[PDB]
Amino acid sequence: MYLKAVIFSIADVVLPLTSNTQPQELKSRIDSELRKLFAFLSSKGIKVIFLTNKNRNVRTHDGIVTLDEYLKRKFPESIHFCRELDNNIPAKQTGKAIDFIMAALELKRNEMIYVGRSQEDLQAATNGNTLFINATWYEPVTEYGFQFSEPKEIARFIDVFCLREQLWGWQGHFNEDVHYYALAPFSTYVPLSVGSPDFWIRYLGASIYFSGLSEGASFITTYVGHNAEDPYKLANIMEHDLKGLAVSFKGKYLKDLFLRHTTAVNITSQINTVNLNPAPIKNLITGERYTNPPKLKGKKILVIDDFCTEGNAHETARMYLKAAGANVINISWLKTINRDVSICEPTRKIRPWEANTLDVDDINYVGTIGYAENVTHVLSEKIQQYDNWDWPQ
Ligand SMILES: [Cl-]
């Protein structure tokens, strides 16, 4: 119900462009795997679209053909929007080609995703605010993650994360500025070991995008561990993939927006040990840091953490980001079952870019986002299905 069409670009996706010397076995393999992918999408009622600029000629064993008759011969269950053949199609890098497809097929923006590799296609999808699916089977990418190394991975992403009705296992709201989402419920019997980076970034990407949560998001960030001596264990493992998801949302990932200045249950323990970094890394390739604090006023920011139990961590993140004027979304991989989230607001003013020390009495507990009333009416099974996924019959 969420995904209704997949747009495919050509360059280094359907046909290798950058390098004419791809292994000859590879191109035939990719052609075979792409037929499986398109038949899979057809099997689910999902439309296959090719979006191209030129009806270029394609060297074949039999001779040269046009791109149109190449695609219709090799992948007949398809819709070819070729700008050279139809002046009504706008230039793709402006993102307006997305709006065209939306109207032509009567589809919403986030009922579509965009498979591509070239920077031109990355622009076309992100300028169109459509989720980018970076295909890297012909041309590798080393700068960031959230990649799809072969067509099968796109089918795995769709089947596992994009077809179910329930994108969030738990979600709740309070006032107008408190918004909590969690992918799956969690329960344990003790006081990456669950899943894998690619599993969690793909889970996040799908649920965030198809629920509509990514609309207007400017920033993605993670929280900090309790240990001042090692506060970025999660961010460090997830950095590569979060960089890629931010590129795909056309947002910016701030790895070190939160500082744990002291090692850290009353929520004061979190508030009194963290603050916003006035100079986080602006250029994750260089390590170049902001010259002035990031402008968070009026900006939507997605705060990602692994576990949400009673909300002490997320509420501290929200408190600091709210004090700096941001609009905050609190997202979690896992929500502990039968534990309520206590929502808090500070009585005294917060200095968000430096350390604060609040009393117990400086906390106003204003409400609760209970568990049983916010569950969407299994993680074990989802990881197994993803880890063991293969083409169906
Ligand atoms: Cl093209």
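Numbered according to the deposited numbering, the sequence shown spans residues 1 to 191, 206 to 278, 291 to 403, 409 to 424. Just so it is clear, CB atoms sit at the ideal spot from N, CA and C, and this is done for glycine as well.
1. Thinking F186 and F333 are a contact (beta carbons under 8 Å), I'd like their distance in whole angstroms, please.
2. Cβ of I79 within 7 Å of any heavy atom in ligand 1?
3. Can you give me the start and stop residues for the beta strand (DSSP E) that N250 sits inside?
4. In three-state DSSP terms, what is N298?
5. Does the distance from the C-beta atom of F263 to that of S228 stay below 8 Å?
6. Bridge partners of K326, per DSSP?
7. Taking the C-alpha atoms as reference points, what is the distance between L322 and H173?
8. Can you tell me where the alpha helix (DSSP H) holding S207 begins and where it ends?
9. Using the C-alpha atoms, what's the distance from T317 back to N338?
10. According to DSSP, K266 sits in a beta bridge with which residue or residues?
11. Roughly how many whole angstroms lie between the Cα atoms of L384 and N129?
12. What is the residue span of the beta strand (DSSP E) that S368 lies within?
13. Which first and last residues belong to the alpha helix (DSSP H) in which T126 is found?
14. Using a threshold of 8 Å, state whether the C-beta atoms of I251 and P319 are closer than that.
15. How far does the alpha helix (DSSP H) with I49 in it extend, from its first residue to its last?
16. Please report the residue range of the beta strand (DSSP E) in which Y70 lies.
17. Pick helix, strand or coil for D212, following the three-state DSSP scheme.
18. From the DSSP secondary-structure annotation, give me the bridge partner or partners of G172.
19. Could you tell me which residues DSSP puts in a beta bridge with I30?
20. Quick check on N57: buried or exposed, where buried means 16 or more other Cβ atoms within 10 Å of its Cβ?
21. Among residues of its own chain, excluding the 5 on either side of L206, which ones have a beta-carbon nearer than 8 Å to its beta-carbon?
22. Who sits around ligand 1, taking every residue whose Cβ is closer than 5 Å to one of its heavy atoms?
23. Could you say if the segment 108-118 and the segment 230-249 meet the contact criterion of at least three C-beta pairs nearer than 8 Å?
24. Thinking just about the alpha-carbon of each residue, which of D244, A97, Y138 is nearest to the one in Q123?
25. For a test of the three-state rule: what should DSSP assign to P185, helix, strand or coil?
26. Using 10 angstroms around the beta-carbon of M1, count the other beta-carbons present and answer buried if the total reaches 16, otherwise exposed.
27. Check this for me: beta carbons of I414 and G169, under 8 Å apart or not?
28. Using a Cβ-Cβ cutoff of less than 7 Å, which residues in the same chain neighbour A260 once the five nearest sequence positions on both sides are dropped?
29. Can you tell me whether DSSP reads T21 as helix, strand or coil?
30. To which residues of the same chain is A352 closer than 6 Å at the C-beta, ignoring the five residues directly before and after it?
31. Where does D62 fall in DSSP's three states?
32. Does DSSP put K308 in a helix, a strand or coil?
33. Pairing CB atoms from the segment 144-151 with CB atoms from the segment 370-390, are three or more of them under 8 Å?
34. So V291 is in the alpha helix (DSSP H); what residue range does that whole segment cover?
35. Contact check, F40 vs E77 under 8 Å by CB: the rounded distance?
36. With DSSP run on the structure shown, which of helix, strand or coil describes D332?
Once the coordinates are examined:
1. 7 Å
2. no
3. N250 -> not in any beta strand (DSSP E); alpha helix (DSSP H) instead, spanning 247-263.
4. coil
5. yes
6. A231, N353
7. 21 Å
8. Here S207 belongs to no alpha helix (DSSP H), and DSSP marks it neither H nor E.
9. 31 Å
10. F233
11. 41 Å
12. 367-372
13. 119-127
14. no
15. Element bounds for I49: not the alpha helix (DSSP H) but the beta strand (DSSP E), 47-52.
16. Element bounds for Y70: not the beta strand (DSSP E) but the alpha helix (DSSP H), 67-74.
17. helix
18. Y180
19. Looking at the DSSP assignment, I30 forms no beta bridge with any residue, so it has no partner.
20. exposed
21. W214, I251
22. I10, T52, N53
23. no
24. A97
25. strand
26. exposed
27. no
28. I234, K266, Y267
29. coil
30. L322, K325, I327
31. coil
32. strand
33. no
34. No alpha helix (DSSP H) contains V291, which DSSP labels as neither H nor E.
35. That belief does not hold up - the Cβ atoms of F40 and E77 are roughly 11 Å apart, past 8 Å.
36. strand
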